[PDB]
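For reference, the chain that follows is the form solved without this ligand, supplied as structure tokens.
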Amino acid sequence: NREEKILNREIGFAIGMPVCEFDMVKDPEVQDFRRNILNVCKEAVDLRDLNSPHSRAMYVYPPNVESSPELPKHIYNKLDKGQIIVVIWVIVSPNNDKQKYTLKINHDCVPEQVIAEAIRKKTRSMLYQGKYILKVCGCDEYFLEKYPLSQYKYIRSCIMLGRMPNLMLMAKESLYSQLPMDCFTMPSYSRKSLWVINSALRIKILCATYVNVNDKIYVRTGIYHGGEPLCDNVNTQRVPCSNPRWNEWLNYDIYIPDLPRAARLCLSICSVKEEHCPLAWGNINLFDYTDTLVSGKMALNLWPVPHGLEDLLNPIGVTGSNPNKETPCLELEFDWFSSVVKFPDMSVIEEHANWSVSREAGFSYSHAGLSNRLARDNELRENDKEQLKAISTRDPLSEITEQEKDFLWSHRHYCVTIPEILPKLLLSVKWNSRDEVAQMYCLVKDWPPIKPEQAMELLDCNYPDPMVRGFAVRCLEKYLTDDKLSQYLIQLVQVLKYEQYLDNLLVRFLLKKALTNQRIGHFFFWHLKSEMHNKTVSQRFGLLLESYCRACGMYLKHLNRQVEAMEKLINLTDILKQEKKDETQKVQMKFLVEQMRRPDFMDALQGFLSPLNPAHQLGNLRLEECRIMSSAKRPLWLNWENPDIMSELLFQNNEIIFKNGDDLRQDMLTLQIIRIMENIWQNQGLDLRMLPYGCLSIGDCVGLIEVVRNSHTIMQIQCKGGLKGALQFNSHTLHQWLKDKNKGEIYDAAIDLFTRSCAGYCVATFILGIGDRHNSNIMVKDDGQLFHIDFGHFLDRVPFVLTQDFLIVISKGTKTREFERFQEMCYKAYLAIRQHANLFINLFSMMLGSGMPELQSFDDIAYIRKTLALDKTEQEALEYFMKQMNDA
């Protein structure tokens, strides 16, 4: 149709590639995914239309709320007898005169209560009900739901910073008119044996093409469950890369029924010189998406070897044939049987598991042979029931011995009472045994649901099993809030890559949520779009962005404006850091102004939503304020007028830093972790103010960074311009600048705010291992709030040692009441993150599959164990932190 034609040009624009490339793809799974995922789209659209227009308004403008209405004592204590002074604005008559009405209301007041109060006071000045809604003055944020006013992030932030909440009273039909009508049109494209086999595992290696220049090459193979081998690495006989035709049948020490559903064939082509090196690699799922075992011949286009490849095989790598068909291919032949070998149904598995129970009690009572894995009845002592608890407490990176692993499996039936031990129990299973596995599948079909956070440990590279993964999705479906979903969106988008198939529960959960919450959808899109260049994931994400773009609605137009501006900034910075790179800053600027003033560049970058917070409108550009920065890689400091009619109550101007050349994934994770550390601290009752400024990677080493208003680097303060020098840098200079900025009842707050942000960042940088910190890495705001920029490296010793310049601001002139109070905060902060060690390990663990340099192995994540002192007791760790900290 005409509608469809127009749409695929639009989807194609936002996705980076045209829709018709997906049309021409002939792979059962791809066209099956393309079609099958449309019900999620329908489900999501129908949830939007289910309570039209309110539920549609909620989709586009979801309430931005904290996860709980409970205010920690220090947040509550800020309120005037548990009450908040709030200001309601009303735009009246033709001249759009802004009338304000200040109210003192309960912090837990519903928005509708607050509106009624504003109307009460509106009439009581001169001396309706559900016809109005509340909007945040200066940004596209609405308070459309019955949550208490304080539960909203804008209101809780206002309380904490001691800022006056300015809100605007808006007509419901004024917002409802601004809303478009959904039109999810269904696309054009939408219109045997089993476990019997008594054979061993054998696969033939025919030949390899596209291989040449420089001694002898062999094919190395392996059978894996995630990254754990289910047998021995079987290899082909060495051949020089002139005629690589082995045509030999490789035999493995696994029997066809003992193969788990998540079993993979991990192969590679290696070279020999005492010196072995991998050349090209490739992984295959031993079962397809319909659950059929691989039958016949196959041509696997292999992948280049990523630098720093520890082994000869890459089992953690992406499963499937490289899309670049002009790369080293490797033909294989697989054993044929009666017809088609499909994986047994859960019923067949249940009958075999109930047998692996009735005839296992017929193998312990009616066989003789011992296995320290046989579950014994009435032989579950309280002496070892506390031992299971002792194992369940341990961190995800804590090595579990063979003695402990055997003990756990034997007590599998008890472990249901302690559901948090599931990750330790699953790793205790012999996945190379169909008897143990069948018993486990059944325990998981009935396993009690665990917290979303614990269920995430099960969604990493260590747990490939579909039913283990399915349980984990069900836990996030039932217990994960939309707020916590926004927090872990980075790791959740990442774990998609580990999934064996295009169509899974994780993707359906994530897409549904993305298509039911435009805020979740926004970052979901950008997180996927930022990885389209990566040809390892480009397909999966390309299909996902298609299904998203079809059912996202009129927001696709808003995404296209963002994509167009982002490309013009890339193209501009491309020409600049190529044609004018070694030239002077005055020349680069001369060129920048000349180029930005072009008609096509002007309108692509004016009047669009900011990708950093889509609720922020970016109007006209303040070119007089747009400059190339003095900082490294030459970032582009951009300024935009805020077109909001009440911009003067939030920020008249919006400033974004456009970086082209540096990887921002590391800075993104650090700031996600910082934000999580801050929440842990705030809930726990410690007010360590952190500044997790917005950072978003938008492509291959391109990205955006939120400009922190009224802030300067440590160097900028220490100089006062350049009237001092690196030697002449007097230690008291920092405190003096702060003193001149804040005087009177203002000064005491400033020092407090400094010491607090100081204590938080000391603890944060130490745990995380954020090293190479200096005067151009640390920053301070006008109000004394400290923060850190450019997270160069992490995990690779005191990562941030206390400089005199800071301790002096902490007091005035090492042995002060302020330093004693300070030291305490750091000890208190350290102990709080230690109580959450299991979360941070998992969050980091889910990132190994992301192509990050300083997060490749479980040897990088182990650093968190050393800085948090997990092995030691809580009081023992304090002695460790005390020792590392007591060093000046």
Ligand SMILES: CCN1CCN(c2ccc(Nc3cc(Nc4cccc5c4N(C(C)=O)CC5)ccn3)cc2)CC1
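In this text, the rigid core denotes the largest set of C-alpha atoms whose superposition between the two forms falls within 1.5 Å. Sequential numbering from 1, following the sequence displayed.
Between 594-602 and 775-783, the larger mean CA deviation from the shown form in 7 other deposited structures of this protein, after core superposition, belongs to 594-602. Between 681-689 and 90-98, the larger mean CA deviation from the shown form in 7 other deposited structures of this protein, after core superposition, belongs to 90-98.
Of the other structures of this protein that model both sides of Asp335, every one gives it coordinates; not a third omit it. Modelled in this chain, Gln178 is likewise built in all the other compared entries whose models extend past it on both sides, so a third of them omitting it does not occur.
Coordinates are lacking for 10 or more deposited residues between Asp796 and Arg797. Going from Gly725 to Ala726, the model skips none of the deposited residues; the chain is continuous there.
According to the PDB record, 864-872 carries the higher mean C-alpha B-factor of the two stretches 864-872 and 8-16. Looking at mean Cα B-factors across 671-679 and 768-776, the upper value is held by 768-776. Per the deposited record, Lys389 carries the highest C-alpha B-factor of all listed residues (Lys389, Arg469, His533, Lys781). Between the residues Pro328, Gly317, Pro611, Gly130, it is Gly130 that shows the highest Cα B-factor in the PDB record. Sort the chain's modelled residues by C-alpha temperature factor and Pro853 lands in the highest third, per the entry.
Looking at the C-alpha B-factors along this chain, the one for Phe819 belongs to the highest third. The PDB entry assigns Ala750 a C-alpha temperature factor belonging to the middle third of its chain's modelled residues.
Placement of the Cα temperature factor of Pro423 within the chain: middle third of the modelled residues, per the deposited record. Per-chain ranking of the deposited C-alpha B factor places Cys137 in the lowest third.
Same protein, other form: the form solved in complex with this ligand, not shown, and the subject of what follows.
The binding site of this unliganded chain is blocked: after this ligand is superimposed from its pose in the deposited complex, three or more of its atoms come within 2.4 Å of the backbone or C-beta atoms.
With this ligand left out of view, the stretch that reaches within 4.5 Å of it through heavy atoms in the deposited complex is, among 42-50, 839-847, 64-72, 24-32, 839-847. Of the residues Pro452, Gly771, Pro396, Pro187, just one reaches this ligand in the deposited complex with a heavy atom at 4.5 Å or closer; this is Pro396.
This chain appears without its partner; in the deposited complex, the one residue of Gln823, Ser857, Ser55, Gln835 with a heavy atom within 4.5 Å of this ligand is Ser857.
Using a 4.5 angstroms limit between non-hydrogen atoms, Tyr252 is distant from this ligand in the deposited complex.
Residue contact check for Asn679: none of its heavy atoms lie within 4.5 Å of this ligand in the deposited complex. Of the heavy atoms in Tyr498, some are within 4.5 Å of this ligand in the deposited complex. Although the partner is absent here, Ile316 is a contact residue: one of its heavy atoms lies within 4.5 angstroms of this ligand in the deposited complex.
The partner is not shown here, but in the deposited complex the stretch 433-471 reaches within 4.5 angstroms of this ligand through a heavy atom at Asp460, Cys461, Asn462.
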